[PDB]
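Q: Sharing a structure, written as structure tokens. Questions coming.
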Amino acid sequence: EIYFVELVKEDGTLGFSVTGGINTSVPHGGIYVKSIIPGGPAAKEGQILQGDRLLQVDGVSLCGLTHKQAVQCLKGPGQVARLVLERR
């Protein structure tokens with residue numbers, strides 16, 4: 001099931017990390033939520049769960065991206081990150 005999260009960054013972070021990418025052995029080469037920081041943006045917003053698949057960041061699909069490219073997607077200059085995830 002696909003869900004939508006709007007996160008306001010705090011001190012440059014969204015309060016979660018990711019694993020995966022096409023150059024890794026995760027299922028489908030996808031990007032998955034790894035850790036979530038207590039009291040961070042993702043934790044406070046409440047929807048994101050560890051293990052969910054991150055499909056899209058700010059309207060840009062992560063399909064086909066390497067690990068480094070997805071991380072770069074999450075570390076951009078905008079104050080707000082618009083994320084699309086799969087419950088996994």
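Scheme for the structure tokens: letters A, B, ... for chains in order shown; per-chain residue numbers from 1; ligand numbers from 1 in order shown.
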Identify, on the basis of only C-alpha atoms, every residue whose closest approach to region 59-62 of chain A does not exceed 9 Å; exclude the query and any residue fewer than 3 positions from it along the same chain; express the result as a VMD selection string.

A: chain A and resid 21 30 to 31 54 to 56 65 to 66 69 to 70 73 82 to 84

Q: With N, CA, C and O atoms retained, could you export that selection as a CSV table (one decimal), in the first residue's frame?

A:
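The result, stored in result-v5.csv:
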```csv
chain,number,residue,atom,x,y,z
A,21,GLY,N,19.4,0.1,-3.0
A,21,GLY,CA,19.9,0.6,-4.2
A,21,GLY,C,20.2,-0.5,-5.2
A,21,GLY,O,20.3,-1.7,-4.9
A,30,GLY,N,15.7,-2.1,-4.2
A,30,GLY,CA,15.0,-0.9,-3.8
A,30,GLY,C,15.7,-0.2,-2.7
A,30,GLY,O,16.8,-0.5,-2.2
A,31,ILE,N,15.0,0.9,-2.2
A,31,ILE,CA,15.5,1.8,-1.2
A,31,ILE,C,14.6,1.6,0.0
A,31,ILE,O,13.4,1.9,-0.1
A,54,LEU,N,11.1,3.2,0.1
A,54,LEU,CA,11.0,4.6,-0.4
A,54,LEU,C,10.9,4.6,-1.9
A,54,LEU,O,11.9,4.3,-2.5
A,55,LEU,N,9.8,5.0,-2.5
A,55,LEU,CA,9.6,5.0,-3.9
A,55,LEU,C,10.0,6.3,-4.6
A,55,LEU,O,10.6,6.3,-5.7
A,56,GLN,N,9.7,7.4,-3.9
A,56,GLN,CA,9.8,8.7,-4.6
A,56,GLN,C,10.2,9.8,-3.6
A,56,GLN,O,9.7,9.8,-2.5
A,65,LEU,N,18.1,3.8,-9.2
A,65,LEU,CA,19.2,4.6,-8.6
A,65,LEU,C,20.1,3.7,-7.8
A,65,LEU,O,19.6,2.8,-7.1
A,66,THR,N,21.4,4.1,-7.7
A,66,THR,CA,22.3,3.4,-6.8
A,66,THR,C,22.1,4.0,-5.4
A,66,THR,O,21.3,4.9,-5.2
A,69,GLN,N,23.1,7.6,-5.1
A,69,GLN,CA,22.1,8.5,-5.7
A,69,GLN,C,20.9,8.7,-4.9
A,69,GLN,O,20.4,9.9,-4.8
A,70,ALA,N,20.3,7.7,-4.3
A,70,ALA,CA,19.2,7.8,-3.4
A,70,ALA,C,19.5,8.7,-2.2
A,70,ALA,O,18.7,9.6,-1.8
A,73,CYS,N,19.5,12.2,-3.1
A,73,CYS,CA,18.1,12.6,-3.2
A,73,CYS,C,17.6,13.1,-1.8
A,73,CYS,O,16.8,14.0,-1.7
A,82,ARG,N,9.0,15.7,0.1
A,82,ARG,CA,7.8,15.0,-0.2
A,82,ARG,C,8.1,13.6,-0.6
A,82,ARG,O,8.8,13.4,-1.6
A,83,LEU,N,7.7,12.7,0.2
A,83,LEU,CA,8.1,11.3,0.1
A,83,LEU,C,6.9,10.4,-0.2
A,83,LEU,O,5.8,10.6,0.3
A,84,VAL,N,7.2,9.4,-1.1
A,84,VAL,CA,6.2,8.4,-1.4
A,84,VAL,C,6.8,7.0,-1.1
A,84,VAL,O,7.8,6.7,-1.6
```

Q: Which residues in region 4-78 of chain A does DSSP call strand (DSSP E or B)? List them as number ranges by chain.

A: A: 4-8, 10, 13, 16-20, 31-36, 53-57, 60-61

Q: Would you please extract all helix (DSSP H, G or I) residues from chain A, as assigned by DSSP on the backbone, and give them as a ChimeraX atom specification?

A: /A:27-29,41-45,67-74

Q: Hey, which bits of region 21-53 of chain A sit within 8 Å of region 7-11 of chain A, and for each residue what's the closest pair of atoms and how far apart in Å (one decimal), counting only C-alpha atoms, rows by chain and increasing number, as JSON lines?

A:
```
{"residue": "A:40", "atom": "CA", "partner": "A:10", "partner_atom": "CA", "distance": 7.8}
{"residue": "A:41", "atom": "CA", "partner": "A:7", "partner_atom": "CA", "distance": 6.2}
{"residue": "A:42", "atom": "CA", "partner": "A:7", "partner_atom": "CA", "distance": 6.7}
{"residue": "A:45", "atom": "CA", "partner": "A:7", "partner_atom": "CA", "distance": 7.2}
```

Q: Produce a file of the selected residues containing N, CA, C and O atoms, as a PDB file, in the first residue's frame.

A:
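Result file is selection.pdb:
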```pdb
ATOM      1  N   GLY A  40      12.870  12.597  15.827  1.00  0.00           N
ATOM      2  CA  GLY A  40      13.186  13.219  14.565  1.00  0.00           C
ATOM      3  C   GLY A  40      11.939  13.500  13.755  1.00  0.00           C
ATOM      4  O   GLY A  40      10.809  13.131  14.118  1.00  0.00           O
ATOM      5  N   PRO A  41      12.131  14.171  12.621  1.00  0.00           N
ATOM      6  CA  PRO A  41      10.972  14.496  11.766  1.00  0.00           C
ATOM      7  C   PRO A  41      10.109  13.293  11.399  1.00  0.00           C
ATOM      8  O   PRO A  41       8.884  13.342  11.560  1.00  0.00           O
ATOM      9  N   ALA A  42      10.721  12.206  10.909  1.00  0.00           N
ATOM     10  CA  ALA A  42       9.946  11.038  10.506  1.00  0.00           C
ATOM     11  C   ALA A  42       9.226  10.417  11.694  1.00  0.00           C
ATOM     12  O   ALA A  42       8.074   9.985  11.579  1.00  0.00           O
ATOM     13  N   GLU A  45       6.195  12.723  12.616  1.00  0.00           N
ATOM     14  CA  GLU A  45       5.086  12.684  11.664  1.00  0.00           C
ATOM     15  C   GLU A  45       4.297  11.390  11.795  1.00  0.00           C
ATOM     16  O   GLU A  45       3.071  11.392  11.643  1.00  0.00           O
TER      17      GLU A  45
END
```

Q: Find the residues near residue 75 (chain A): any atom within 12 Å, counting only C-alpha atoms, skip ones fewer than 4 places away on the same chain, and give them as a list in words.

A: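 The residues satisfying every condition are residues 9, 10, 11, 12, 13, 14, 15, 16, 17, 18, 57, 58, 68, 69, 70, 71, 79, 80 and 81 of chain A.
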
Q: Can you write out the residues you just picked, keeping C-alpha atoms, as a PDB file, in the first residue's frame?

A:
```
ATOM      1  CA  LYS A   9      13.756  18.917   7.792  1.00  0.00           C
ATOM      2  CA  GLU A  10      15.422  19.799  11.074  1.00  0.00           C
ATOM      3  CA  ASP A  11      19.077  20.860  10.915  1.00  0.00           C
ATOM      4  CA  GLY A  12      19.375  19.267   7.478  1.00  0.00           C
ATOM      5  CA  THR A  13      17.966  15.827   8.391  1.00  0.00           C
ATOM      6  CA  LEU A  14      14.709  13.907   7.976  1.00  0.00           C
ATOM      7  CA  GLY A  15      15.420  11.672  10.964  1.00  0.00           C
ATOM      8  CA  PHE A  16      15.845   8.417   9.088  1.00  0.00           C
ATOM      9  CA  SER A  17      18.421   6.549   7.033  1.00  0.00           C
ATOM     10  CA  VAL A  18      18.115   4.174   4.079  1.00  0.00           C
ATOM     11  CA  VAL A  57      11.455  11.839  -3.258  1.00  0.00           C
ATOM     12  CA  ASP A  58      10.247  15.306  -4.329  1.00  0.00           C
ATOM     13  CA  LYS A  68      24.676   6.933  -3.346  1.00  0.00           C
ATOM     14  CA  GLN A  69      22.147   8.511  -5.713  1.00  0.00           C
ATOM     15  CA  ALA A  70      19.186   7.847  -3.394  1.00  0.00           C
ATOM     16  CA  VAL A  71      21.060   9.263  -0.387  1.00  0.00           C
ATOM     17  CA  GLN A  79      13.180  22.650   3.609  1.00  0.00           C
ATOM     18  CA  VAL A  80      10.487  20.042   2.923  1.00  0.00           C
ATOM     19  CA  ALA A  81      10.793  16.530   1.528  1.00  0.00           C
TER      20      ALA A  81
END
```
